[PDB]
Structures are given as structure tokens and as C-alpha cells.
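K.L.:
Dumping the structure here so I can ask a few things about it.
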Amino acid sequence: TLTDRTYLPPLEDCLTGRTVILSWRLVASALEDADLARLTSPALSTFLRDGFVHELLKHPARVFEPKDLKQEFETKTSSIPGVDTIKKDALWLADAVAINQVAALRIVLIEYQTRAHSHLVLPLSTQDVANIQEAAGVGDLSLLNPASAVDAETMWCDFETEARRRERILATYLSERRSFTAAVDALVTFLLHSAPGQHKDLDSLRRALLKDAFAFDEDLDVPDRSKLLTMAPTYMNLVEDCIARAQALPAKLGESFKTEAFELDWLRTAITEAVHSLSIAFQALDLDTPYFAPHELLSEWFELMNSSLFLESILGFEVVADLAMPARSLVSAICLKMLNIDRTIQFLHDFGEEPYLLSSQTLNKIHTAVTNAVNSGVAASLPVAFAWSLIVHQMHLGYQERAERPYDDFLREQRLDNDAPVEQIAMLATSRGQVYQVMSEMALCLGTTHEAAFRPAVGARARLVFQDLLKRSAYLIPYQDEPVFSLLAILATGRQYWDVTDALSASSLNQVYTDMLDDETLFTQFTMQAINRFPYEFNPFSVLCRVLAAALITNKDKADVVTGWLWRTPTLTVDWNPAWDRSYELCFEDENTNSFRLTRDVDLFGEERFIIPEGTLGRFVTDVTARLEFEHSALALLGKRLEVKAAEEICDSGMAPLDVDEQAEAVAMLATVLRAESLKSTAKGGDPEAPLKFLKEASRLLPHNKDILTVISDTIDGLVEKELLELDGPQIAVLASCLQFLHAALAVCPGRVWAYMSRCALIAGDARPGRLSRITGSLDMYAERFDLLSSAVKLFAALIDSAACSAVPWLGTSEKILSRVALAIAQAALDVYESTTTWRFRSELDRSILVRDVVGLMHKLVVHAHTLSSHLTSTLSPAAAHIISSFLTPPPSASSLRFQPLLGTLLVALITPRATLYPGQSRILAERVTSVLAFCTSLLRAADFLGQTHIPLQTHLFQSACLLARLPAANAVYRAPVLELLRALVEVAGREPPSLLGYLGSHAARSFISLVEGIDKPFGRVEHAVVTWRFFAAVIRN
């Protein structure tokens, strides 16, 4: 009793617009975003609760697989306005690409319902280009498209031809292939790894899917995971199909349509399906984490890794590089998951499914692919190969132990009963730390940063296999830089201070971090090793405190770990100063131990000082440093090391001074832990004075008139003695960290931070021009420089918040101070904003972050336009007037300059290809565009409120209307923003006004009003419906 009544609405409703088809593109978007309003809307909620859809999820071939469905197709098309063309295209497509008629019919109807969208994403016409050329302004990165643009009418006629329509249908077909795998991918995550506190309705939908579609009833003490686990072999078999399709285009399709643009789309589609298929299969295997997989699955899988060299046959082209890393990362991850090195080796030592070790067949299958991959040169296979070497190395042991008076068959088969060749792999992998750098790059790909290709949950659970690999090799490999920086990369994934959050996620997702404390092998061989070598080896311990402090904000049982390391540090490891050679004496216990004892007090940095007591037992680690057994406060000590480093005070008889690198890491580590302590302090059951205590301990054993915050202040002042152009890389990194520390301290000492900013050279004063304003120009925004300005904008923004939030701790400030500092911030912000036109960013994503945060900052000030009355001023009034007056009523050259970042944002939004991976990059871009649109809207509203008649921004936006009308076609997220802006624009101009539709053009106007005439049709969200109608009521005159 399973029908497609919901999956595919009746044909007449699709052609009239009464019912929009829930394309997999729409379904995937809602699931990737876990949007409450979309997923719990009746339309999409019924779609997901439907039994027919469920069978498609579990049987993915059926979605497009060809089959005899002529009767169903004829009944759906017979007896119902253009149906002749619809029925025609569906049959042509079904035969061309070998898909069943019903599936093809759905593709053709999606193209028909998205025809107004496809028209608006066409290259701009000659007229539109001229309009935006004037919007650019009088001035001369926002490099515009070429002059190949033609008349709008010419394009429309071409857009309606059978040839183009067929191309869009083919494009839609491939788009739905990608979006279906993606929707299932996101679906699995939504089901297995949703965050606690989920909304009631959303939780009901999650449980109803697990129970009805997978017989997974959470109300049971142990639910049945059978149907979920079958998703792995299901979608593993789909990965094989993608390999085949990528190597063979459709047979019957005509060469008219087999253009280079289609060949690439066909290839990228196959890779994308494989990645999301790998992501689905991995999450499925992960559900059964401790247990082994059926040996037949590995045998089948590694047989495919052999013929395709772990999918390298598909990823050989450079045009698929952005998809290659995601694929390689999950191929390596999913291979390691099945091998299960931890439970494999543990089974070899000690005595569900049977381990694949008991099947000499599978062991040969694996060894063939591994051997083939290494000899071929597959760099991505080293983590799998290195993992396979350690397994064979232990099998070689278990065989010799019994040679004194199933896998044995494999050892005798592959010349392993006796010597060596396996060791060649273990060396090629670790030679020059290759395998360790591979895992470090796969960590980022599977990371938490906004540059990760996959969602957090997939990355969190997947990085565990690379952690298990290091776990088992830790006892057999010495503690070195390569196997340690690799783990730190697996843990940190290049995260920064700004990525700290008290957001509670699924419990199982923090296992990679809690295993550093719960797993003996990792805890003793990595965590303790990092502690016992600090501060001689600075970074390893600093990163752990920085990472675990941010990851355990929500963990009660482990809330005192990092603080327990900073307070009450057990040991101290420093480079030995010859000046102490008279203050120790060996113990003569063991000739190898080399232990000793102190005979005189040692004064580091040689009131309240830091002294290592006489009679403290110690030990010399290497002769080519000493690990003293001395419990102390590494936080208090570090605070003093920063004070010394800031003052440039040499201490011949004391410990070594902080390196400039160590300095930046040190401050960043303090800012993170402080931020983590102030986040948990305001939570239920936390110590509300936790951050103050953290500052006091770091201020201990400092001069009486000096606390840790004074040191950071002095450090900033000292570095800005020169100008930013003269500073060095690591020095600029120190500034960034110091600004991140002010941000964390702002939450607990607002009066101190504000007090310092009033005399900070970075921003202008009533007597100084400001240092930041000097960095503007044509410089390049590379990592150290960008981190500085990014952190500066975020800090400036956080300050504006505290000024507005405070309606009445703050000792050391006044209204004059906040006013002047806020105004200087407004001036610095606008300078950074104007400079984004000329700076060279490492990546457009970097510019999207900066423009997002700067625009947000200036927006916070534009919102205070209501305070611009004589008897209603506030501390933000001057700052607000500086922004408002700079965008409203500026002269031409400045008007053009201040509009290009906005125009550049609109352009980047239209030329950025849609994607189902890299969700973080996509979100950031949307936040950028939404900021620009909202910022422009409030400026127009503020102009109307303040009486400003002549507004260049009004003219700038009309000439950019051709871009605004196309944004909702590029991404539905922009529909409501664009409509609220166009409404504000029309309303403000109305007070013979300009014609919105006159600027768009006859053709664009028609398709735009068509898109907007959907009125959030598929979902029917109230807030979206009201926005649409206020727009129609204000813009479209009956």
C-alpha cells in the first residue's frame, strides 16, 4: 500500500503552481540546516513520514533506476496547458539517461517549476551590466564578468528553445542525484547525532523516522539497529555505481548535449554522490562502533579499493580537487573503521560478528588493495596502509610464538611466515612523517573549523579512527613531533579563540576529546607526556588546555581537568641553566634513571617570587633539560613569564625567556580558558566567580600594582610602539591573541577594557590618528595579518554591544570615555570596510568573514539612529552619526567607495556555485549577504526617519536591482531579505519616483514576480508569507 501520491503530486497541480514539488534539493537543504520551520512544516513533514519515501531512503537505486512504468506514466499524464511538451521531454530523458518514466517526469516538472529561477541565474544582459557599471561608481576587487553579454530579448528567445530547455532538464537530473544522496546523508546525521534540547516537534519527527523507517524504537532499553546498519552495504554498493558512471557517459544521449560543461557536471555529480554515500555508510558503521563488520563486507569493499585505487581512478582530474579531499578523507576513514585496528590487535592478544582475521580470504583481499595502493603512489592510502602494517606485524608475532615445537594461511600465502616486506610499508608511511601529515590534512577536512568539508558530527566521529591508529602505534613509536602534531591537528583542526562556544551537542560527539582523558593508552602516552614536558615543549600542553577547556565547557564530571592542570601542575620541565650547577646533587640510585635532588633554592626570573624549594627531587631527561617533581601553578608561573617577556627583563640566573611564538600561543591559551570559565560560570550550577579567580591566579606572584590584564595591556602598547607595517609575523600574532584576551576579559572586567581602549594606539583618540588606520591600502591579508584585523573587528563589535546593553565592575569609565572610544571604533570600522575593496585576501571566504563582521558592527550603530535627537542622545550617538552620515549623504567618490563592498557581496552571491558539502563556507557566505541586505535596509529606514532627501544609496540600489532580483533565484535564503530591502527602497523613494521593474527590465521583472508569486508555497511559513504580501502591497500597484 505504498504510493507516490506525496512524493509526486498530481500533474495538474504541478503545472498550475498550486503544489510545488519537494525536490531533493529542497529536502536536502532543510535537513542539512536542520531547519525547524521547514522540517516540521506539514508538506515536508508528511514527505518525510511517508512510507514510499522511506523505501527510497533504504533502497537508493529505486529513485532513478529504469523500470517498466509506462502504465503509471500514461495514467499520470493522460487526461491532465503545455502537457505535450512535458510528456515529450520526460520520455526523451527517460530514454536518454536510462531512468524510469516516472522519475524522469518528476525531473521535467522540477525544471518547469524552477524555470523563473533558471532565467534569473543567467548571465547579466548588456543593459544590466551598464546599470551595475554605474552602480560601481565614478571610481575604477569585484572584477565584473566579460562583455559577452547580449540583449535581454536575445537571451530570452534562446532560453525558450528546446535545446536549452533540455540542458536545464539534464542539469536538474544531475542536481537531484546529488541532492538525494545529500538529503539521506544529512538525514542520517539528523537521526543519529541531533543536539539535546531539540524542539518537541522536531524530536517527534526524528523518532517517527527511526521507528517507522528503520524499526529503531528509542523507548526500548536496546533498540534494533539492523535496518540502519544495512545502509552501509546499501550505499557502499552505490559508491561502485558512481565509479562506473563517472567513467561512462549516457549511451543514448546526443552529442549536441554532450558538451564539456556536461562532462564536468556528470563527473562531479558522480563524485558528490560517492562522498555522501561514503558519509552515509560511515555513520552506519559507526552506529555499531565496538563490534566488527562481516568479513564478506570487507572482502567486497577492498576488492573495489583495488580496482579503483581507493577511488583515485575518479579523482585524477584537477577540476575535482575540491571534491577529491572529501572523498579521500572518508575513504581512508571508512577503511580504517572496518579494519578496527584497536579491536583487531586486541583480538590477536586475547583469544557479535566474527573478526575478519578468521577469514584468510578477506586478509588477501585487503593485502592486495593495500599493496597495490602503496606501490602505485596513492598518498591518501598511507593511513590505511600504516594501520594494516601494525596488524600484520602482530600477526607475524602470534605465528612465531606458536612456531616453537586461519590467518596463518594468509601469512604463508603472502610470504609473511618469515622475512620484512611488511616493514617496508610501515617505513614508507612514517618516512618523513608522510602518513602523519596525511592524517593532519584529513583532520581539517573532517574538522570543526568553518573550512571543514563535512558537517561537525561526521567529522567528530570520523576523526576517531585516526585517533585509534595513533593509539595503537603510540606504544610502538617514540614520542616525536610528527605523531604528536598529527594528534594535535586531529584535536584542534586549526580552530581559533572565536570558535569557543557553550553549545551542547550530542554526547557521543565529544568522544575524541574525552578519550584523551578516559583512555589509558592516549592519556599516558600523549596527555601526560605533554604535561610532563611543559614548558620546555610549550605547544603540546598549551593546545590541550586550549582545546579541552573549550570542548568540556558542558561536561560536569570533567569541568576541573584543564584548571586542574593550570592550577596544581604536578611537574615542571625547563631547560637547565648552568647557573644552577651548584644547586643540585645526584641520587646515585640507577645509572640510567639519572635522578637528582636540589641542594639550594632555584629562583626562576632571578614581595612574592617563584622559587623551586631545596630538596626537590628531579631528573635529567636528555643529555643532548630536567623534569623536576615540583607541584606548582603553571598559570601563575606563565603569568610571570609573560610579565618578564613584556618588560624585556633578562634574568641570567632564571629560566629561559618566552619565544615570540610561545608568547602568542600563551596569550591565546589564556584567553580561551578564561572564555571557557566565564561561559560555564553563568550556567546553572557554575561558580559565578570562576573567571575572576582565573585572573587572580594568573595575577599571583606579580608586582603588587600589576595584574595579568595589565601585562596584556603593556604587551599591546609595546608592540604598537612601531607601526603595523614594521611588525613581524609572530609579533602580529601576539597582537591578535592579546585582542582575543581583551574580548574574554570584557565579559568580567568591562571597566578595565574600556579604560584601556581609551588609551590604546590601535584606535584613534582625541589626539592620535590610530595605528590600524595605517595598515589600510594594497597589502595582503594573509594569516597573521588577517587574524589581527578579524580579531580587532570582533573585539570592536563586542565593545559596541556592552555599551548598548548597559542601561544603568564598570569602575574606571564614564560616558565621555565610552562615547569617544565608540566613535573611534566607528572610524576604524569604516576604514577596514573601505579597505576590503583593495586588499588581497587568501580566500574569498576570508573576505566574507571580515565583511560580515564589519558590516554587522556598523549595523549595530545604524540601529541607534533613534538616539539622534538633542534630548535623546546616548553614549553611541556620535558613533552612530559617523556611520549614518558616511553612508547617507556622502560625496560621489566616497559614495562609490563605500558601496563597492555591498555591490561585491551581491556579485559573489550570484557567481558562487551551489554546493552540498562545505556547509560552513556556505553558511558564512549567506551571513555575509544577509548582513549587507539588512544593513542597506536599516540605512534606508534611518534616512527616512532623519529627513535625508537626497540619498545616493537609493540610486545605487536601483541600478543594482538586477542583482537583488536574482539573489532569491540563487539561494532561497535571500528571498525574505531581498523583499524587505526592495520594500524599504520603494517606500523611502516614494516620499515621479523610480520604477523598480523599469530597472530590472521587461524579462527579469516577469520572472522575478513569478518567483515571488510562490509565497513560500512548499512550506507556507507565516513569517515568510507576511513579508511577501507587505512587498506586493507596497511595490506592485494593482
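Letters for chains follow the order of the C-alpha cells (A, B, ...), residue numbers begin at 1 for each chain, and ligand numbers begin at 1 in the order shown.
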When you look at residue 755 (chain A) with a cut-off of 7 Å (counting only C-alpha atoms), what residues show up, excluding the ones that are within fewer than 3 positions of it in the same chain? I need them as a PDB file with C-alpha atoms, in the first residue's frame.
P.N.:
ATOM      1  CA  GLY A 751      35.604  48.991  33.122  1.00  0.00           C
ATOM      2  CA  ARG A 752      39.211  47.870  32.696  1.00  0.00           C
ATOM      3  CA  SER A 758      40.662  54.939  25.534  1.00  0.00           C
ATOM      4  CA  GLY A 812      37.246  53.235  35.598  1.00  0.00           C
ATOM      5  CA  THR A 813      34.928  54.543  32.862  1.00  0.00           C
TER       6      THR A 813
END
K.L.:
Near region 816-825 of chain A, counting only C-alpha atoms, which residues have an atom at most 8 Å away, once you skip same-chain residues fewer than 5 positions from it, shown as an NGL selection string?
P.N.:
:A and (754-755 or 757-758 or 763-766 or 796 or 799-800 or 803 or 875-880 or 882)
K.L.:
Now that the selection is made, can you save its residues with N, CA, C and O atoms as a JSON list (two decimals), in the first residue's frame?
P.N.:
[["chain", "number", "residue", "atom", "x", "y", "z"],
["A", 754, "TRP", "N", 37.45, 48.89, 28.62],
["A", 754, "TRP", "CA", 37.09, 50.21, 28.10],
["A", 754, "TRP", "C", 38.13, 51.25, 28.50],
["A", 754, "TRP", "O", 38.56, 52.06, 27.67],
["A", 755, "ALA", "N", 38.56, 51.23, 29.76],
["A", 755, "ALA", "CA", 39.57, 52.17, 30.22],
["A", 755, "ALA", "C", 40.84, 52.08, 29.38],
["A", 755, "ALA", "O", 41.45, 53.10, 29.05],
["A", 757, "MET", "N", 41.13, 50.82, 26.18],
["A", 757, "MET", "CA", 40.89, 51.21, 24.79],
["A", 757, "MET", "C", 40.96, 52.72, 24.61],
["A", 757, "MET", "O", 41.34, 53.20, 23.53],
["A", 758, "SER", "N", 40.59, 53.48, 25.63],
["A", 758, "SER", "CA", 40.66, 54.94, 25.53],
["A", 758, "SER", "C", 42.09, 55.42, 25.29],
["A", 758, "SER", "O", 42.29, 56.49, 24.70],
["A", 763, "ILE", "N", 43.32, 52.26, 18.00],
["A", 763, "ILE", "CA", 42.21, 53.11, 17.59],
["A", 763, "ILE", "C", 42.59, 54.56, 17.83],
["A", 763, "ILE", "O", 43.49, 54.88, 18.62],
["A", 764, "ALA", "N", 41.89, 55.46, 17.15],
["A", 764, "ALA", "CA", 42.15, 56.88, 17.29],
["A", 764, "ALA", "C", 41.71, 57.38, 18.66],
["A", 764, "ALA", "O", 40.87, 56.78, 19.34],
["A", 765, "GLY", "N", 42.30, 58.49, 19.07],
["A", 765, "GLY", "CA", 41.92, 59.21, 20.27],
["A", 765, "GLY", "C", 41.58, 60.65, 19.87],
["A", 765, "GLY", "O", 41.51, 60.98, 18.68],
["A", 766, "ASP", "N", 41.36, 61.51, 20.86],
["A", 766, "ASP", "CA", 41.20, 62.93, 20.57],
["A", 766, "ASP", "C", 42.51, 63.59, 20.17],
["A", 766, "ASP", "O", 42.50, 64.77, 19.80],
["A", 796, "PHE", "N", 36.03, 45.00, 18.56],
["A", 796, "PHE", "CA", 35.30, 46.25, 18.43],
["A", 796, "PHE", "C", 33.80, 46.02, 18.48],
["A", 796, "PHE", "O", 33.07, 46.76, 19.16],
["A", 799, "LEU", "N", 32.57, 45.31, 21.98],
["A", 799, "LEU", "CA", 32.53, 46.53, 22.79],
["A", 799, "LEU", "C", 31.24, 47.31, 22.54],
["A", 799, "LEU", "O", 30.57, 47.73, 23.49],
["A", 800, "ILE", "N", 30.88, 47.50, 21.27],
["A", 800, "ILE", "CA", 29.64, 48.22, 20.95],
["A", 800, "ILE", "C", 28.46, 47.57, 21.66],
["A", 800, "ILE", "O", 27.54, 48.26, 22.13],
["A", 803, "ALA", "N", 28.27, 48.59, 25.37],
["A", 803, "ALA", "CA", 27.84, 49.98, 25.53],
["A", 803, "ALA", "C", 26.33, 50.10, 25.41],
["A", 803, "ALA", "O", 25.70, 50.87, 26.15],
["A", 875, "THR", "N", 25.53, 57.33, 24.69],
["A", 875, "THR", "CA", 26.97, 57.20, 24.51],
["A", 875, "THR", "C", 27.34, 56.76, 23.10],
["A", 875, "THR", "O", 28.49, 56.94, 22.69],
["A", 876, "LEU", "N", 26.40, 56.20, 22.35],
["A", 876, "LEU", "CA", 26.65, 55.75, 20.98],
["A", 876, "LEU", "C", 26.21, 56.75, 19.93],
["A", 876, "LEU", "O", 26.37, 56.49, 18.73],
["A", 877, "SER", "N", 25.65, 57.89, 20.33],
["A", 877, "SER", "CA", 25.14, 58.84, 19.34],
["A", 877, "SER", "C", 26.22, 59.32, 18.38],
["A", 877, "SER", "O", 26.02, 59.19, 17.16],
["A", 878, "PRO", "N", 27.36, 59.85, 18.83],
["A", 878, "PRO", "CA", 28.39, 60.27, 17.87],
["A", 878, "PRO", "C", 28.84, 59.15, 16.95],
["A", 878, "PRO", "O", 28.96, 59.35, 15.73],
["A", 879, "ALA", "N", 29.11, 57.96, 17.50],
["A", 879, "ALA", "CA", 29.48, 56.82, 16.67],
["A", 879, "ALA", "C", 28.40, 56.53, 15.63],
["A", 879, "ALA", "O", 28.71, 56.26, 14.46],
["A", 880, "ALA", "N", 27.13, 56.57, 16.04],
["A", 880, "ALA", "CA", 26.05, 56.35, 15.09],
["A", 880, "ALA", "C", 26.04, 57.41, 14.01],
["A", 880, "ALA", "O", 25.86, 57.11, 12.82],
["A", 882, "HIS", "N", 28.49, 59.07, 12.84],
["A", 882, "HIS", "CA", 29.62, 58.92, 11.92],
["A", 882, "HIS", "C", 29.32, 57.89, 10.85],
["A", 882, "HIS", "O", 29.65, 58.09, 9.67]]
K.L.:
Mind dumping a table of every region 68-163 of chain A residue within 8 Å of region 895-919 of chain A, with the nearest atom pair and its distance in Å to one decimal, using only C-alpha atoms, sorted by chain and rising number, as a Markdown table?
P.N.:
| residue | atom | partner | partner_atom | distance |
| --- | --- | --- | --- | --- |
| A:121 | CA | A:910 | CA | 7.3 |
| A:135 | CA | A:896 | CA | 7.5 |
| A:136 | CA | A:900 | CA | 6.1 |
| A:137 | CA | A:896 | CA | 4.6 |
| A:138 | CA | A:896 | CA | 6.6 |
| A:139 | CA | A:896 | CA | 6.7 |
| A:141 | CA | A:904 | CA | 7.8 |
| A:142 | CA | A:904 | CA | 5.4 |
K.L.:
Could you give me, as number ranges by chain, each residue of region 928-988 of chain A that DSSP assigns to alpha helix (DSSP H) when run on this structure's backbone?
P.N.:
A: 928-946, 952-959, 961-964, 967-970, 975-988
K.L.:
One decimal, Å: what's the distance from CA of residue 178 (chain A) over to CA of residue 302 (chain A), could you say?
P.N.:
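Pair CA of residue 178 (chain A) / CA of residue 302 (chain A) returns 24.7 Å.
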K.L.:
Set the distance at 8 Å and use only C-alpha atoms: which residues neighbour residue 535 (chain A) once local chain neighbours fewer than 4 positions away are removed? I'd like the list as a PDB file with N, CA, C and O atoms, in the first residue's frame.
P.N.:
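Written output follows (result_3.pdb):
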ATOM      1  N   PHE A 541      51.238  20.997  25.416  1.00  0.00           N
ATOM      2  CA  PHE A 541      50.410  21.170  26.606  1.00  0.00           C
ATOM      3  C   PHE A 541      49.470  22.359  26.453  1.00  0.00           C
ATOM      4  O   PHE A 541      48.319  22.309  26.901  1.00  0.00           O
ATOM      5  N   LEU A 572      57.438  20.161  36.463  1.00  0.00           N
ATOM      6  CA  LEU A 572      57.969  21.337  35.783  1.00  0.00           C
ATOM      7  C   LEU A 572      59.203  20.916  35.002  1.00  0.00           C
ATOM      8  O   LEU A 572      60.137  20.352  35.579  1.00  0.00           O
ATOM      9  N   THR A 573      59.209  21.188  33.697  1.00  0.00           N
ATOM     10  CA  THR A 573      60.290  20.774  32.806  1.00  0.00           C
ATOM     11  C   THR A 573      60.839  22.005  32.099  1.00  0.00           C
ATOM     12  O   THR A 573      60.158  22.594  31.252  1.00  0.00           O
ATOM     13  N   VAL A 574      62.072  22.386  32.435  1.00  0.00           N
ATOM     14  CA  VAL A 574      62.705  23.563  31.860  1.00  0.00           C
ATOM     15  C   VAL A 574      64.099  23.196  31.368  1.00  0.00           C
ATOM     16  O   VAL A 574      64.710  22.223  31.815  1.00  0.00           O
TER      17      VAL A 574
END
K.L.:
List every residue of region 503-742 of chain A that DSSP, applied to the backbone, labels as strand (DSSP E or B), and write the result as a ChimeraX atom specification.
P.N.:
/A:535,569,572-574,584-586,595-598,602-603,611-612,617-620,626-628,632
K.L.:
Please provide the set of residues having any atom within 8 Å of region 612-616 of chain A, restricted to only C-alpha atoms, with same-chain residues fewer than 4 positions apart removed, written as a PDB file with N, CA, C and O atoms, in the first residue's frame.
P.N.:
ATOM      1  N   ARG A 597      68.652  15.617  43.102  1.00  0.00           N
ATOM      2  CA  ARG A 597      67.951  16.393  44.113  1.00  0.00           C
ATOM      3  C   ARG A 597      68.582  17.774  44.191  1.00  0.00           C
ATOM      4  O   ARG A 597      69.779  17.938  43.945  1.00  0.00           O
ATOM      5  N   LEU A 598      67.766  18.771  44.532  1.00  0.00           N
ATOM      6  CA  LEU A 598      68.232  20.148  44.628  1.00  0.00           C
ATOM      7  C   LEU A 598      68.835  20.396  46.004  1.00  0.00           C
ATOM      8  O   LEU A 598      68.248  20.023  47.025  1.00  0.00           O
ATOM      9  N   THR A 599      70.006  21.031  46.023  1.00  0.00           N
ATOM     10  CA  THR A 599      70.674  21.384  47.268  1.00  0.00           C
ATOM     11  C   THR A 599      70.474  22.841  47.663  1.00  0.00           C
ATOM     12  O   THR A 599      70.635  23.173  48.842  1.00  0.00           O
ATOM     13  N   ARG A 600      70.127  23.711  46.716  1.00  0.00           N
ATOM     14  CA  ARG A 600      69.883  25.116  47.001  1.00  0.00           C
ATOM     15  C   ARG A 600      68.618  25.556  46.279  1.00  0.00           C
ATOM     16  O   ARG A 600      68.225  24.976  45.264  1.00  0.00           O
ATOM     17  N   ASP A 601      67.980  26.591  46.817  1.00  0.00           N
ATOM     18  CA  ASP A 601      66.784  27.137  46.189  1.00  0.00           C
ATOM     19  C   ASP A 601      67.137  27.752  44.842  1.00  0.00           C
ATOM     20  O   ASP A 601      68.123  28.485  44.719  1.00  0.00           O
ATOM     21  N   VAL A 602      66.329  27.447  43.830  1.00  0.00           N
ATOM     22  CA  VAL A 602      66.487  27.999  42.489  1.00  0.00           C
ATOM     23  C   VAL A 602      65.396  29.036  42.279  1.00  0.00           C
ATOM     24  O   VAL A 602      64.206  28.738  42.443  1.00  0.00           O
ATOM     25  N   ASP A 603      65.798  30.251  41.919  1.00  0.00           N
ATOM     26  CA  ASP A 603      64.876  31.367  41.726  1.00  0.00           C
ATOM     27  C   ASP A 603      64.754  31.631  40.230  1.00  0.00           C
ATOM     28  O   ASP A 603      65.617  32.281  39.633  1.00  0.00           O
ATOM     29  N   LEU A 604      63.683  31.123  39.627  1.00  0.00           N
ATOM     30  CA  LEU A 604      63.378  31.486  38.252  1.00  0.00           C
ATOM     31  C   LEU A 604      63.090  32.979  38.176  1.00  0.00           C
ATOM     32  O   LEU A 604      62.521  33.577  39.095  1.00  0.00           O
ATOM     33  N   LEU A 628      61.621  18.315  36.801  1.00  0.00           N
ATOM     34  CA  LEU A 628      61.568  18.455  38.250  1.00  0.00           C
ATOM     35  C   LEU A 628      60.200  18.042  38.775  1.00  0.00           C
ATOM     36  O   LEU A 628      59.168  18.416  38.209  1.00  0.00           O
ATOM     37  N   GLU A 629      60.196  17.265  39.858  1.00  0.00           N
ATOM     38  CA  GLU A 629      58.960  16.870  40.535  1.00  0.00           C
ATOM     39  C   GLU A 629      58.600  17.979  41.512  1.00  0.00           C
ATOM     40  O   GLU A 629      58.997  17.965  42.677  1.00  0.00           O
ATOM     41  N   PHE A 630      57.836  18.956  41.028  1.00  0.00           N
ATOM     42  CA  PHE A 630      57.526  20.145  41.816  1.00  0.00           C
ATOM     43  C   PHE A 630      56.108  20.580  41.482  1.00  0.00           C
ATOM     44  O   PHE A 630      55.856  21.068  40.376  1.00  0.00           O
TER      45      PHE A 630
END
K.L.:
Could you check which of A:87, A:1037, A:1030, A:5 is closest to residue 47 (chain A), using only C-alpha atoms?
P.N.:
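Counting only C-alpha atoms, the residue closest to residue 47 (chain A) is A:5.
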K.L.:
Would you list the contacts of residue 605 (chain A) as a list in words, taking every protein, DNA or RNA residue within 8 Å and counting only C-alpha atoms, but skipping same-chain residues closer than 6 positions in sequence?
P.N.:
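Counting only C-alpha atoms, the residues come to residues 644, 650, 651, 652, 653, 654 and 655 of chain A.
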K.L.:
Tell me which protein, DNA and RNA residues are within 12 Å of residue 307 (chain A), counting only C-alpha atoms, leaving out same-chain ones fewer than 6 positions away, and put them as a PDB file with N, CA and C atoms, in the first residue's frame.
P.N.:
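Generated file (part.pdb):
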ATOM      1  N   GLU A 240      30.141   2.032  -5.827  1.00  0.00           N
ATOM      2  CA  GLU A 240      30.619   1.318  -7.005  1.00  0.00           C
ATOM      3  C   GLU A 240      29.907   1.798  -8.262  1.00  0.00           C
ATOM      4  N   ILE A 243      31.452   5.014  -9.436  1.00  0.00           N
ATOM      5  CA  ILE A 243      32.699   4.766 -10.153  1.00  0.00           C
ATOM      6  C   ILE A 243      32.415   4.472 -11.620  1.00  0.00           C
ATOM      7  N   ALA A 244      31.414   3.632 -11.886  1.00  0.00           N
ATOM      8  CA  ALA A 244      31.108   3.254 -13.261  1.00  0.00           C
ATOM      9  C   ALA A 244      30.583   4.442 -14.057  1.00  0.00           C
ATOM     10  N   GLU A 300      34.344  -7.665  -0.132  1.00  0.00           N
ATOM     11  CA  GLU A 300      33.755  -6.967  -1.270  1.00  0.00           C
ATOM     12  C   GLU A 300      34.313  -5.556  -1.402  1.00  0.00           C
ATOM     13  N   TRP A 301      34.452  -4.847  -0.281  1.00  0.00           N
ATOM     14  CA  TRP A 301      34.864  -3.448  -0.328  1.00  0.00           C
ATOM     15  C   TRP A 301      36.291  -3.308  -0.847  1.00  0.00           C
ATOM     16  N   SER A 313      40.956   6.486  -9.289  1.00  0.00           N
ATOM     17  CA  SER A 313      40.604   6.463 -10.702  1.00  0.00           C
ATOM     18  C   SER A 313      39.632   7.575 -11.070  1.00  0.00           C
ATOM     19  N   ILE A 314      38.904   8.113 -10.094  1.00  0.00           N
ATOM     20  CA  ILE A 314      37.854   9.094 -10.349  1.00  0.00           C
ATOM     21  C   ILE A 314      38.372  10.499 -10.074  1.00  0.00           C
ATOM     22  N   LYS A 365      42.291 -10.187   0.189  1.00  0.00           N
ATOM     23  CA  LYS A 365      41.646  -9.058  -0.476  1.00  0.00           C
ATOM     24  C   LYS A 365      42.223  -7.739   0.020  1.00  0.00           C
ATOM     25  N   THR A 368      45.917  -7.183  -1.006  1.00  0.00           N
ATOM     26  CA  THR A 368      46.069  -6.864  -2.422  1.00  0.00           C
ATOM     27  C   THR A 368      45.872  -5.372  -2.666  1.00  0.00           C
ATOM     28  N   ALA A 369      44.765  -4.815  -2.169  1.00  0.00           N
ATOM     29  CA  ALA A 369      44.484  -3.400  -2.386  1.00  0.00           C
ATOM     30  C   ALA A 369      45.525  -2.519  -1.706  1.00  0.00           C
ATOM     31  N   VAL A 370      45.877  -2.840  -0.459  1.00  0.00           N
ATOM     32  CA  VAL A 370      46.883  -2.055   0.256  1.00  0.00           C
ATOM     33  C   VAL A 370      48.202  -2.074  -0.504  1.00  0.00           C
ATOM     34  N   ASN A 372      48.755  -2.763  -3.605  1.00  0.00           N
ATOM     35  CA  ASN A 372      48.610  -2.078  -4.885  1.00  0.00           C
ATOM     36  C   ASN A 372      48.624  -0.565  -4.704  1.00  0.00           C
ATOM     37  N   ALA A 373      47.960  -0.067  -3.660  1.00  0.00           N
ATOM     38  CA  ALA A 373      47.868   1.376  -3.455  1.00  0.00           C
ATOM     39  C   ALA A 373      49.232   1.978  -3.140  1.00  0.00           C
ATOM     40  N   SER A 376      51.562   1.959  -6.115  1.00  0.00           N
ATOM     41  CA  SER A 376      51.088   2.869  -7.151  1.00  0.00           C
ATOM     42  C   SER A 376      51.446   4.316  -6.841  1.00  0.00           C
TER      43      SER A 376
END
K.L.:
Could you list, as a PyMOL selection string, every residue within 12 Å of residue 425 (chain A), counting only C-alpha atoms and ignoring same-chain residues fewer than 4 positions away?
P.N.:
chain A and resi 367+370-375+377+381-393+420-421+429-431+434-435
K.L.:
In Å, how far is it from CA of residue 77 (chain A) to CA of residue 16 (chain A)?
P.N.:
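It comes out at 14.2 Å.
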